Structure formats: C-alpha cells, structure tokens
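Here is the structure we will look at.
Each value in this text was obtained by applying a stated rule to the coordinates, not by laboratory testing. Positions of Cβ are generated from backbone atoms using ideal geometry, with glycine treated the same way; all protein chains shown enter the neighbour counts.
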Amino acid sequence: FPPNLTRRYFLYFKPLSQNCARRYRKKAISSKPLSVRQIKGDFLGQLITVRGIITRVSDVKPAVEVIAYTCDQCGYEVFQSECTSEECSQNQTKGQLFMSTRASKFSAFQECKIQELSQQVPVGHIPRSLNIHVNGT
Amino acid sequence: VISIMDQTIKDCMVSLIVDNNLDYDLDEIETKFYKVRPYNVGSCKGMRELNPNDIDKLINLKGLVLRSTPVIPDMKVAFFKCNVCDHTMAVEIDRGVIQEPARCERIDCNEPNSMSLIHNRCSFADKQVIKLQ
Ligand SMILES: [Zn+2]
Ligand SMILES: [Zn+2]
C-alpha cells in the first residue's frame, strides 16, 4: 500500500537567512520579501517570500488527496464504480466500488489573500492581491 | 453501543420480566427497535477549534438556531408494481441504495424491465435539517 496512507508527518521548508547567504557569498532569492506586483509569472515554481497584509482568511476545510474504495467481491482496496483490481479484472464478475472515508487521505486547508502595502504601490495604480494556500498543521 | 443496548433491552425484557416471572408485557418488544443517545460528553473545544482529525468522533457544541427546513421524507422502503401483471414487491434500502428489479419475480411473468415504482405507497422516514450558530 502507498506510503502516504500512513505518513503522520508534514514537510516544510524555511528559506536561507540573508546573513548566512552573504557569509557564504551567495545571492539568496528565497528569503527576499516580494510584493504581488513584483511576483511575475517567471517565478512560477520557485520558492519565494511574499511581504504584505492579510485581508481574508478562509476557515479550516478538509481536503482529500487519495480516495480509498473497497470491493466486497475480492477484498482489495483501490486508491484513486467497478473494481479494477487484478482478481476482478481477470474474473468475469466485478465488484462494486464503495467509498471509504476512513482510509481516504485528508488534509487541513485554508486560503488567505495578501495585499500590497501602501509604500509598494506606484502612484496611480490599485493595490493588487494574491492568493495563498495553507496546508497541513 | 446502540446495537448492544437494543440487545440489552431485549435481554432485560427476557431476563428481568419473564425469566423472573414478574409479568409478560414484552411480546411486541421483541420486534421494535431501540436507540440510546449519548449527550453529556465532556465540554468540547467549540466549532471554530474543530480539526480534520476529529471526523467521525463524537463531540459537543452549543449555539443558536437560525433556519429550519420542513419535514423532508427520506426513503426507507420502496414499493414496486409490475406494469403487466400487477405483482407487488417490497424492496428495502441497504446502505442508502435502491435496487430496482430488472425482471418480475413471478415464474410466469418474466418480462425484462417490467417493474415500476409507485411513489405514494412507499415508506418514508422523517429528516429535518437545522442550522446552528
Ligand atoms: Zn474487486
Ligand atoms: Zn409481472
């Protein structure tokens, strides 16, 4: 069975400290505080730090990742209507899939909107906002 | 626990009344279904503190009622009648699913897809949706 069904831990990363990067003579980008206007599409997939003010906080919501099904015909557990397991696939009769929330993988989810600070906005524009997803503990 | 309590009540009627020969006012109790509802769980952490790991675990809350829906009838037993020979079945619900017969159950009448659902001869159960703040 997939390892993620039993992992009780969550992984997080914190960025390089500017003092350490300067000490080791490297140009750290991860810890640089960025406004949503400076956040272009080129930085998609990069590890960045966003500086701003929180405007909206979504409440805690469950978030499914792998839906677990059970088949009474063969007893196998299928992880994502009709059972696709090896026994049912070879057999002429296939069992019906029933969802099992207990074995399904769930995570705590919230969404928050960040907005630019006043000094970050050039004259004549409107303070844009960006969406932040928070997962795990 | 509820199934245990139902069996316990059945045992209580059998053991404490008729086995004790006190009386026999239990004939219908063998058939009726019971349920025991726990209420005084220790004080809980409130709605805003709940977490995904708390799913399926009994908790306690307080709040205020805002909106109440009317008594929605939920299906428990389905009533089917054959559209060519007028035979009547009684199909119960197993885990929230309705199994529609594909053929009439009578030996003489075997027409496929000959069964029809009669809405108003079914048996329903009361469902009420309440909103709490
Ligand atoms: Zn199967
Ligand atoms: Zn018939």
**Q.** Test: B:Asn21 is over 24 Å from the mean Cα position of the chain (by Cα), away from ligand 1 (no atom under 16 Å from the Cβ) and farther than 30 Å from A:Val64 by Cβ
**A.** yes
Q | Residues within segment B:99-123 that are surrounded by 13 or more Cβ atoms within 10 Å (Cβ to Cβ) and hydrophobic (A, V, I, L, M, F, W, C), tallied | A | 5
Q. Considering only segment B:1-50, how many residues are of a type in the set (S, T, N, Q) and either in a loop (DSSP other than H, G, I, E, B) or on the phi > 0 side of the Ramachandran plot (or both)?
A. 5
Q: Taking the options A:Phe106, A:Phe98, A:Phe43, name whichever one is among the aromatic types (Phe, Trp, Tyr) and either within 16 Å of ligand 2 (Cβ to nearest atom) or within 16 Å of the chain's Cα centre (by Cα) (or both).
A: A:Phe106
(Q) For segment A:26-43, check the following and say yes or no: at least one residue is of a type outside the set (D, E, K, R), within 30 Å of A:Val121 (Cα to Cα) and within 14 Å of chain B (Cβ to nearest Cβ). (A) no
(Q) Against the condition more than 16 Å from ligand 2 (Cβ to nearest atom), within 14 Å of chain A (Cβ to nearest Cβ) and either charged (D, E, K, R) or farther than 30 Å from A:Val57 by Cα (or both), how does B:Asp94 come out, does it pass? (A) yes
Q. From the set of residues in segment B:106-120 that are over 14 Å from B:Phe80 (Cα atoms) and out of contact with any strand residue (DSSP E or B) (no Cβ under 9 Å at 6 or more places or on another chain), which is nearest to ligand 1 (Cβ to nearest atom)?
A. B:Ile107
Q. Which strands (runs of 3 or more DSSP E) does segment A:22-137 wholly contain that include 3 or more residues that are under 30 Å from A:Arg8 (Cβ atoms)?
A. A:61-71, A:77-79, A:97-115, A:129-135
Q) Which one of A:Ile67, A:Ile54 is within 21 Å of A:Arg7 (Cβ to Cβ) and away from ligand 2 (no atom under 16 Å from the Cβ)? A) A:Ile67
(Q) Please verify whether A:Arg56 is touching a strand residue (DSSP E or B) at 6+ places or on another chain (Cβ under 9 Å) and surrounded by 14 or more Cβ atoms within 10 Å (Cβ to Cβ), treating the condition exactly as stated. (A) no
Q) Any residue in segment A:26-42 that is closer than 30 Å to A:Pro3 by Cα, hydrophobic (A, V, I, L, M, F, W, C) and either touching an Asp or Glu at 6+ places or on another chain (Cβ under 8 Å) or more than 16 Å from ligand 1 (Cβ to nearest atom) (or both)? A) no
Q: Kindly check whether there is at least one residue in segment A:55-66 that is more than 14 Å from every other protein chain (Cβ to nearest Cβ) and either in contact with a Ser or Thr (Cβ under 8 Å, 6 or more places away or on another chain) or within 14 Å of ligand 1 (Cβ to nearest atom) (or both).
A: yes
